[PDB]
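A quick write-up on the structure given underneath.
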There are 2 protein chains.
Amino acid sequence: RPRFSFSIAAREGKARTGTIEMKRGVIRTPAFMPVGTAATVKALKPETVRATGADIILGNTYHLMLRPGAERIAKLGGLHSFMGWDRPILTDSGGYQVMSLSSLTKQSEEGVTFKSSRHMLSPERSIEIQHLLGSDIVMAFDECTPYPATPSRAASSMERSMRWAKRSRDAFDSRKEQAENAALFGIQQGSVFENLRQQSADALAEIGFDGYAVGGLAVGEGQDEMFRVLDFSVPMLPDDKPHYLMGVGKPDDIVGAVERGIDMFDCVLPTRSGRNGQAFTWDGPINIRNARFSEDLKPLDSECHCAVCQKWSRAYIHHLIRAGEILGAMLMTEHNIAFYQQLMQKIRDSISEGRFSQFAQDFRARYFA
Amino acid sequence: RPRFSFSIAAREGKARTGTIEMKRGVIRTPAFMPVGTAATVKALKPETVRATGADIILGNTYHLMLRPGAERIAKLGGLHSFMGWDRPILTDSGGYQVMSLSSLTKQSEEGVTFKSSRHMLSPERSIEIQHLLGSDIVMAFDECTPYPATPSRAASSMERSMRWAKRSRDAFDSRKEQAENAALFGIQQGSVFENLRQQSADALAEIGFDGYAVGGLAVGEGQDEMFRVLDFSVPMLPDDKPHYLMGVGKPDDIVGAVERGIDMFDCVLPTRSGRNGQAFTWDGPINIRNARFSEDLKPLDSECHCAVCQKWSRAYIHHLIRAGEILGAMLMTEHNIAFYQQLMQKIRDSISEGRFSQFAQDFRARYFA
Ligand SMILES: COC(=O)c1ccc(CCNc2nc3cc4nc(N)[nH]c(=O)c4cc3[nH]2)cc1
Ligand SMILES: COC(=O)c1ccc(CCNc2nc3cc4nc(N)[nH]c(=O)c4cc3[nH]2)cc1
Ligand SMILES: [Zn+2]
Ligand SMILES: [Zn+2]
């Protein structure tokens with residue numbers, strides 16, 4: 001019923017748990033968003049994505065504007081109807097993918113021109129594409145500063161992102177239907193530099209957003225450095241709005257980020273690694289292709305509540321993946337996404353119950369044994 | 001409850017409809033068996049295969065004996081438990097696939113030695129592999145005569161198959177658990193030659209089987225010739241047992257074969273063509289990759305009752321297949337197998353109601369319009 005309402009139900013240290021209520025559904029936080037870049041969470045029907053526990057999925061302005069096209073998706077009824085997912089969708093703004101995937105780019109104050117075949121992205125165009133898609137959470141159009149960067153290059157990059165954040169805010173607010181039905185998140189930049197992170201947080205808070213992402217991380221800096229930056233960066237963001245760490249991550253990354261005040265996550269790891277034969281378990285990842293699993297009748301994980309672990313053995317899935325069978329990718333992906341959702345549920349419950357510190361400790365001791 | 005009981009409920013001309021009762025379930029006839037060569041019906045969970053209406057699926061002695069291995073599958077609890085399909089499974093005997101897929105073969109009265117890596121198949125070994133798999137319908141080990149063949153080569157080939165049929169019968173009967181719980185089908189050979197087909201039918205009937213397959217067809221002869229051979233060959237088989245046409249086929253092939261007395265079918269077409277972008281419809285096949293479907297909001301088929309057609313558009317599936325997305329293969333395959341099952345249901349109902357001739361006419365007029 002509400003457009004966007006974030007409520008924090010419980011806290012432990014910097015960790016929080018609660019809910020975001022939106023018109024298309026409730027998002028339990030901390031939340032993990034399966035990635036659906038090509039208007040599909042790879043190898044899963046939307047009903048299966050929901051069955052694993054996902055409340056919201058992620059889509060991408062960059063990919064969808066190229067294929068099948070934003071105007072086309074709008075003509076077909078919007079992204080939700082198109083792919084058959086009726087719950088909230090967050091869309092990245094294109095700011096990162098344009099620089100990561102394009103064959104040629106030209107950057108300027110206006111935006112980014114690129115070859116996929118020539119196209120343009122700008123704060124205004126990004127917001128309009130996300131409107132055409134019918135995104136529930138719209139990301140500001142930003143620049144993900146390369147890593148490493150000199151302080152001066154990080155500063156000029158972050159400042160451009162802040163000017164683009166204001167343009168994103170204005171474009172979103174100009175579109176009445178979008179402003180009434182969707183939410184807009186700003187993206188903090190500043191590389192690894194505390195003063196720049198502060199300047200970025202200040203600029204975003206002055207503009208005002210429904211939520212705040214920590215951008216510019218998970219770009220090769222490694223966990224120690226990422227955690228160091230989160231240590232000072234997250235407290236700079238408004239406490240009363242959600243905090244979204246873009247592109248993170250491995251299970252231990254998620255746990256440590258929640259310890260540092262992050263509420264939302266997305267990553268291709270569970271889907272991509274699932275297809276590649278890696279299954280997540282409470283005792284750490286396993287590669288199901290390994291010969292040691294060829295006659296193993298146990299499920300992928302001994303505690304996992306997912307449909308895959310209720311029905312099929314490691315031995316069968318091993319056979320499927322080694323044979324290159326589509327069902328192998330399906331089962332591995334469903335299990336991995338379910339594992340990620342169970343991780344988030346355990347995080348939420350432990351924070352609610354004031355035992356998250358103990359959970360994090362127990363989780364790590366077992367996962368890395 | 002019974003091991004194997006075939007009942008014919010209704011007839012129209014040469015067409016029949018009825019049921020095969022087996023310990024693991026009832027098979028409604030005429031029946032279409034989805035193919036699950038690598039211990040999976042490609043891109044479908046077993047529950048989805050069942051949801052489309054399938055009563056029985058097909059597996060393959062040749063593929064499974066190589067990967068993951070027959071003794072291995074038995075150690076893991078049998079094929080049913082391994083893949084999660086608890087209903088009847090028919091297994092081909094290896095007789096056809098060994099000659100179709102092997103890199104090198106040596107044929108003799110004993111059987112066939114082949115390179116996948118050196119292995120052997122014989123009537124006794126084939127029956128034992130099918131026992132280890134836990135097949136419900138076991139096929140005799142035969143030789144699918146190449147096409148075309150001289151009458152003399154067809155004759156010597158068919159005669160060897162008949163000697164192998166008796167050895168198959170004896171091997172099956174020697175295994176008490178198999179003889180008590182499974183059924184054994186013989187395979188008629190004789191190429192396109194009426195006298196040889198008759199000699200083959202006579203030999204098989206003298207031995208006695210639970211069902212009779214028409215082998216040696218769908219080998220490049222084309223529909224006209226296949227129908228010509230079926231015209232005289234099917235009446236040679238015992239009327240009171242099921243008639244199984246191996247490897248057939250396209251929807252019109254199935255309809256014409258039922259008109260000629262066939263009760264059971266298997267084919268990779270719906271699964272394989274589904275993955276390749278071909279969808280079956282009552283107005284004929286379509287290729288969903290075609291640009292004409294890019295903004296088509298209609299389901300794959302306007303009448304189809306399957307879950308895919310209830311939820312997703314041609315436009316979305318077009319996008320998925322062009323993007324190489326696994327969900328594209330999943331949805332196309334589910335629809336195609338569901339279409340095949342709906343075809344079989346319409347065939348069964350029309351025979352039951354004494355209007356199958358009219359159905360065949362109406363079907364063709366529309367399918368080929
Ligand atoms: C050498 O590179 C690497 O090691 C490496 C490590 C992790 C990822 C996972 C993805 N991480 C990630 N996704 C991201 C997406 C983003 N989107 C926007 N709009 N702005 C950002 O600031 C941003 C940062 C990201 N970081 C990708 C690359
Ligand atoms: C040039 O070749 C072609 O045109 C062509 C046409 C259709 C198929 C589909 C498959 N047809 C088929 N599968 C078959 C499987 C069989 N198994 C046994 N044990 N004995 C047979 O006698 C037999 C015949 C078959 N015929 C395969 C090949
Ligand atoms: Zn699981
Ligand atoms: Zn359908």
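Ordered as shown in the structure tokens, chains take letters A, B, and onward, while each chain numbers its residues from 1 and ligands are numbered from 1 in the order shown.
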List every residue of chain A that has an atom at most 9 Å from any atom of chain B, giving for each one its closest atom pair and the distance in Å to one decimal, counting only C-alpha atoms, sorted by chain and then by ascending residue number, as CSV.
residue,atom,partner,partner_atom,distance
A:38,CA,B:323,CA,7.8
A:39,CA,B:320,CA,8.3
A:40,CA,B:327,CA,7.3
A:41,CA,B:327,CA,8.4
A:42,CA,B:326,CA,6.4
A:43,CA,B:326,CA,5.0
A:44,CA,B:327,CA,6.4
A:45,CA,B:327,CA,6.9
A:67,CA,B:319,CA,7.9
A:68,CA,B:319,CA,6.7
A:72,CA,B:295,CA,7.5
A:73,CA,B:295,CA,8.9
A:75,CA,B:295,CA,8.2
A:76,CA,B:295,CA,6.9
A:81,CA,B:312,CA,8.5
A:82,CA,B:316,CA,6.1
A:83,CA,B:316,CA,6.8
A:84,CA,B:312,CA,7.0
A:294,CA,B:68,CA,8.5
A:295,CA,B:76,CA,6.9
A:296,CA,B:76,CA,8.4
A:297,CA,B:76,CA,7.0
A:311,CA,B:84,CA,7.1
A:312,CA,B:84,CA,7.0
A:313,CA,B:82,CA,7.6
A:315,CA,B:82,CA,8.2
A:316,CA,B:82,CA,6.1
A:319,CA,B:68,CA,6.7
A:320,CA,B:38,CA,8.0
A:323,CA,B:38,CA,7.8
A:325,CA,B:42,CA,6.8
A:326,CA,B:43,CA,5.0
A:327,CA,B:43,CA,5.1
A:328,CA,B:43,CA,8.7
A:329,CA,B:326,CA,8.5
A:330,CA,B:43,CA,7.9
A:331,CA,B:45,CA,8.8
Worksheet item: Counting only C-alpha atoms and all ligand atoms, which protein, DNA or RNA residues come within 8 Å of ligand 2, given as a ChimeraX atom specification?
Response: /B:92-97,139-145,187-189,214-222,246-249,267-268
Resulting file, chosen residues, C-alpha atoms, as an mmCIF file, in the first residue's frame:
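Once written, out_34.cif looks like this:
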data_model
loop_
_atom_site.group_PDB
_atom_site.id
_atom_site.type_symbol
_atom_site.label_atom_id
_atom_site.label_comp_id
_atom_site.auth_asym_id
_atom_site.auth_seq_id
_atom_site.Cartn_x
_atom_site.Cartn_y
_atom_site.Cartn_z
ATOM 1 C CA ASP B 92 15.576 -48.993 -25.170
ATOM 2 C CA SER B 93 17.965 -51.951 -25.309
ATOM 3 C CA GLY B 94 20.990 -50.290 -26.859
ATOM 4 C CA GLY B 95 20.505 -52.073 -30.181
ATOM 5 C CA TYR B 96 19.932 -48.891 -32.145
ATOM 6 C CA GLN B 97 22.085 -46.378 -30.269
ATOM 7 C CA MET B 139 13.144 -53.811 -24.690
ATOM 8 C CA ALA B 140 14.627 -56.874 -26.377
ATOM 9 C CA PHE B 141 18.138 -56.401 -27.733
ATOM 10 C CA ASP B 142 17.841 -56.112 -31.522
ATOM 11 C CA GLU B 143 19.469 -54.756 -34.654
ATOM 12 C CA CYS B 144 17.899 -51.817 -36.456
ATOM 13 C CA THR B 145 18.550 -52.690 -40.096
ATOM 14 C CA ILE B 187 10.944 -55.675 -31.630
ATOM 15 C CA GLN B 188 9.768 -56.507 -35.153
ATOM 16 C CA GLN B 189 12.300 -56.018 -37.953
ATOM 17 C CA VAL B 214 7.761 -51.908 -34.779
ATOM 18 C CA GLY B 215 11.483 -51.409 -35.187
ATOM 19 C CA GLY B 216 13.524 -50.447 -38.210
ATOM 20 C CA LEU B 217 11.445 -47.399 -39.162
ATOM 21 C CA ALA B 218 12.028 -43.657 -38.796
ATOM 22 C CA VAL B 219 15.429 -44.306 -40.369
ATOM 23 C CA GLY B 220 15.140 -41.999 -43.377
ATOM 24 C CA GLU B 221 12.364 -43.721 -45.322
ATOM 25 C CA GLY B 222 9.936 -40.788 -45.129
ATOM 26 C CA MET B 246 10.074 -46.588 -31.953
ATOM 27 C CA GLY B 247 11.389 -43.071 -32.591
ATOM 28 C CA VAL B 248 8.200 -41.508 -33.993
ATOM 29 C CA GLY B 249 7.606 -38.677 -34.372
ATOM 30 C CA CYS B 267 10.634 -38.936 -29.941
ATOM 31 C CA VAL B 268 13.225 -36.260 -29.111
#
Discussion item. Hey, which residues sit close to ligand 4? Say within 9 Å, counting only C-alpha atoms and all ligand atoms, and write them as number ranges by chain.
Written reply: B: 279-281, 299-310, 331-332, 334-339
Practice prompt. Write down as an MDAnalysis selection string the residues of stretch 44-234 of chain A whose backbone DSSP state falls under strand (DSSP E).
Written response: chainID A and resid 57:60 89:92 104:107 112:115 118:121 137:139 183:188 211:214
Would you write out those residues with N, CA and C atoms, as an mmCIF file, in the first residue's frame?
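File written: result.cif
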data_model
loop_
_atom_site.group_PDB
_atom_site.id
_atom_site.type_symbol
_atom_site.label_atom_id
_atom_site.label_comp_id
_atom_site.auth_asym_id
_atom_site.auth_seq_id
_atom_site.Cartn_x
_atom_site.Cartn_y
_atom_site.Cartn_z
ATOM 1 N N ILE A 57 13.978 -8.647 -6.801
ATOM 2 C CA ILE A 57 15.075 -9.021 -7.688
ATOM 3 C C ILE A 57 15.664 -7.777 -8.335
ATOM 4 N N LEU A 58 16.851 -7.936 -8.907
ATOM 5 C CA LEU A 58 17.555 -6.839 -9.540
ATOM 6 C C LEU A 58 17.528 -6.971 -11.049
ATOM 7 N N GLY A 59 17.248 -5.857 -11.721
ATOM 8 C CA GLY A 59 17.399 -5.765 -13.163
ATOM 9 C C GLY A 59 18.390 -4.671 -13.533
ATOM 10 N N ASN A 60 18.672 -4.532 -14.821
ATOM 11 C CA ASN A 60 19.736 -3.650 -15.279
ATOM 12 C C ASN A 60 19.301 -2.762 -16.429
ATOM 13 N N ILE A 89 11.059 -4.782 -8.047
ATOM 14 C CA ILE A 89 12.279 -4.900 -8.832
ATOM 15 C C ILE A 89 13.093 -3.632 -8.612
ATOM 16 N N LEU A 90 14.371 -3.808 -8.287
ATOM 17 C CA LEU A 90 15.327 -2.707 -8.258
ATOM 18 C C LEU A 90 16.112 -2.749 -9.551
ATOM 19 N N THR A 91 16.283 -1.596 -10.206
ATOM 20 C CA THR A 91 17.131 -1.562 -11.397
ATOM 21 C C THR A 91 18.380 -0.720 -11.186
ATOM 22 N N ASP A 92 19.550 -1.282 -11.489
ATOM 23 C CA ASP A 92 20.749 -0.454 -11.544
ATOM 24 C C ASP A 92 20.602 0.531 -12.704
ATOM 25 N N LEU A 104 33.352 0.676 -26.493
ATOM 26 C CA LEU A 104 33.906 2.021 -26.570
ATOM 27 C C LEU A 104 33.010 2.989 -25.809
ATOM 28 N N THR A 105 33.620 3.884 -25.039
ATOM 29 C CA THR A 105 32.864 4.867 -24.273
ATOM 30 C C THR A 105 33.465 6.260 -24.386
ATOM 31 N N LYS A 106 32.595 7.262 -24.364
ATOM 32 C CA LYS A 106 33.014 8.649 -24.255
ATOM 33 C C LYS A 106 32.287 9.265 -23.069
ATOM 34 N N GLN A 107 33.049 9.712 -22.075
ATOM 35 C CA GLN A 107 32.474 10.294 -20.864
ATOM 36 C C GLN A 107 32.529 11.822 -20.901
ATOM 37 N N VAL A 112 27.293 9.470 -20.672
ATOM 38 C CA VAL A 112 28.203 8.551 -21.351
ATOM 39 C C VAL A 112 27.628 8.096 -22.690
ATOM 40 N N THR A 113 28.379 8.305 -23.773
ATOM 41 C CA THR A 113 28.021 7.716 -25.062
ATOM 42 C C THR A 113 28.814 6.427 -25.236
ATOM 43 N N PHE A 114 28.193 5.411 -25.823
ATOM 44 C CA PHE A 114 28.838 4.108 -25.896
ATOM 45 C C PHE A 114 28.418 3.273 -27.098
ATOM 46 N N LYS A 115 29.265 2.309 -27.441
ATOM 47 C CA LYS A 115 28.939 1.314 -28.450
ATOM 48 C C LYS A 115 28.617 -0.001 -27.750
ATOM 49 N N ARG A 118 25.218 2.485 -31.468
ATOM 50 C CA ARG A 118 25.609 3.648 -30.679
ATOM 51 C C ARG A 118 24.458 4.102 -29.786
ATOM 52 N N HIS A 119 24.754 4.321 -28.508
ATOM 53 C CA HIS A 119 23.726 4.700 -27.547
ATOM 54 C C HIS A 119 24.243 5.731 -26.554
ATOM 55 N N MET A 120 23.330 6.286 -25.768
ATOM 56 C CA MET A 120 23.709 7.262 -24.760
ATOM 57 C C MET A 120 23.003 7.005 -23.447
ATOM 58 N N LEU A 121 23.710 7.290 -22.364
ATOM 59 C CA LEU A 121 23.112 7.292 -21.050
ATOM 60 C C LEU A 121 23.460 8.579 -20.340
ATOM 61 N N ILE A 137 12.377 0.285 -7.390
ATOM 62 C CA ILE A 137 13.479 1.051 -6.828
ATOM 63 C C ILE A 137 14.394 1.444 -7.965
ATOM 64 N N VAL A 138 14.502 2.755 -8.161
ATOM 65 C CA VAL A 138 15.260 3.364 -9.238
ATOM 66 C C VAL A 138 16.586 3.819 -8.659
ATOM 67 N N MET A 139 17.691 3.457 -9.311
ATOM 68 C CA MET A 139 19.010 3.920 -8.863
ATOM 69 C C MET A 139 19.403 5.198 -9.596
ATOM 70 N N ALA A 183 10.553 4.364 -5.760
ATOM 71 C CA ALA A 183 11.501 4.987 -4.853
ATOM 72 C C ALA A 183 12.806 5.249 -5.590
ATOM 73 N N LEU A 184 13.581 6.203 -5.089
ATOM 74 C CA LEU A 184 14.845 6.594 -5.719
ATOM 75 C C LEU A 184 15.975 6.487 -4.702
ATOM 76 N N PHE A 185 17.034 5.755 -5.063
ATOM 77 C CA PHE A 185 18.193 5.613 -4.181
ATOM 78 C C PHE A 185 19.371 6.399 -4.754
ATOM 79 N N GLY A 186 20.111 7.076 -3.883
ATOM 80 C CA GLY A 186 21.356 7.725 -4.268
ATOM 81 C C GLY A 186 22.523 6.776 -4.064
ATOM 82 N N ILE A 187 23.640 7.034 -4.741
ATOM 83 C CA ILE A 187 24.819 6.168 -4.659
ATOM 84 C C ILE A 187 26.048 6.949 -4.197
ATOM 85 N N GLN A 188 26.560 6.586 -3.029
ATOM 86 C CA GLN A 188 27.768 7.188 -2.479
ATOM 87 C C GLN A 188 29.000 6.711 -3.239
ATOM 88 N N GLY A 211 16.739 5.818 -0.166
ATOM 89 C CA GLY A 211 17.729 4.866 0.291
ATOM 90 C C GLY A 211 19.074 5.278 -0.252
ATOM 91 N N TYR A 212 20.133 4.689 0.299
ATOM 92 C CA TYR A 212 21.492 5.098 -0.029
ATOM 93 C C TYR A 212 22.329 3.866 -0.274
ATOM 94 N N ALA A 213 22.911 3.800 -1.462
ATOM 95 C CA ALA A 213 23.810 2.720 -1.801
ATOM 96 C C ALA A 213 25.253 3.135 -1.548
ATOM 97 N N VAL A 214 26.069 2.169 -1.149
ATOM 98 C CA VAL A 214 27.502 2.347 -1.131
ATOM 99 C C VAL A 214 28.002 1.819 -2.464
#
Item to complete: Could you give me, as a PyMOL selection string, each residue of stretch 162-287 of chain A that DSSP assigns to helix (DSSP H, G or I) when run on this structure's backbone?
Response: chain A and resi 162-174+176-181+194-207+223-236+251-258+269-275
Worksheet item: How far is it from atom CA of residue B:13 to atom CA of residue B:285, in Å with one decimal?
Response: 28.5 Å
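Using only C-alpha atoms, the residues found no farther than 9 Å from residue A:124, other than those of its own chain fewer than 4 positions away, are residues 128, 129, 141, 164, 167, 168, 170, 171 and 172 of chain A.
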Worksheet item: Counting only C-alpha atoms, what is within 12 Å of stretch 195-201 of chain A, bar same-chain residues fewer than 5 positions away, as a PyMOL selection string?
Response: chain A and resi 142+145+150-166+186-190+206-209+211-217+229-239+243
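Here the question is which of A:109, A:224, A:21, A:266 gets nearest to ligand 1 using only C-alpha atoms and all ligand atoms, and that residue is A:266.
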Discussion item. List the spatial neighbours of residue B:369 as a ChimeraX atom specification - criterion: any atom at most 9 Å away, only C-alpha atoms, same-chain residues fewer than 2 positions off excluded.
Written reply: /B:283-284,364-367
Mind writing the picked residues with N, CA, C and O atoms as a compact mmCIF listing (two decimals), in the first residue's frame?
# COMPACT_ATOMS: atom_id res chain seq x y z
N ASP B 283 -1.86 -24.75 -35.25
CA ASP B 283 -1.74 -24.21 -36.60
C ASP B 283 -0.37 -24.50 -37.22
O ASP B 283 0.04 -23.82 -38.16
N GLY B 284 0.31 -25.51 -36.69
CA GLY B 284 1.61 -25.91 -37.20
C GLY B 284 2.75 -25.37 -36.36
O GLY B 284 2.53 -24.53 -35.49
N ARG B 364 -5.40 -32.23 -39.37
CA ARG B 364 -4.54 -32.00 -40.52
C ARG B 364 -4.88 -30.74 -41.29
O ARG B 364 -4.00 -30.01 -41.73
N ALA B 365 -6.18 -30.49 -41.46
CA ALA B 365 -6.63 -29.33 -42.21
C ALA B 365 -6.12 -28.05 -41.56
O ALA B 365 -5.71 -27.10 -42.25
N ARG B 366 -6.13 -28.02 -40.23
CA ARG B 366 -5.69 -26.84 -39.51
C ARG B 366 -4.17 -26.77 -39.37
O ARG B 366 -3.56 -25.71 -39.56
N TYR B 367 -3.55 -27.90 -39.05
CA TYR B 367 -2.12 -27.95 -38.79
C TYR B 367 -1.32 -27.58 -40.04
O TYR B 367 -0.27 -26.94 -39.95
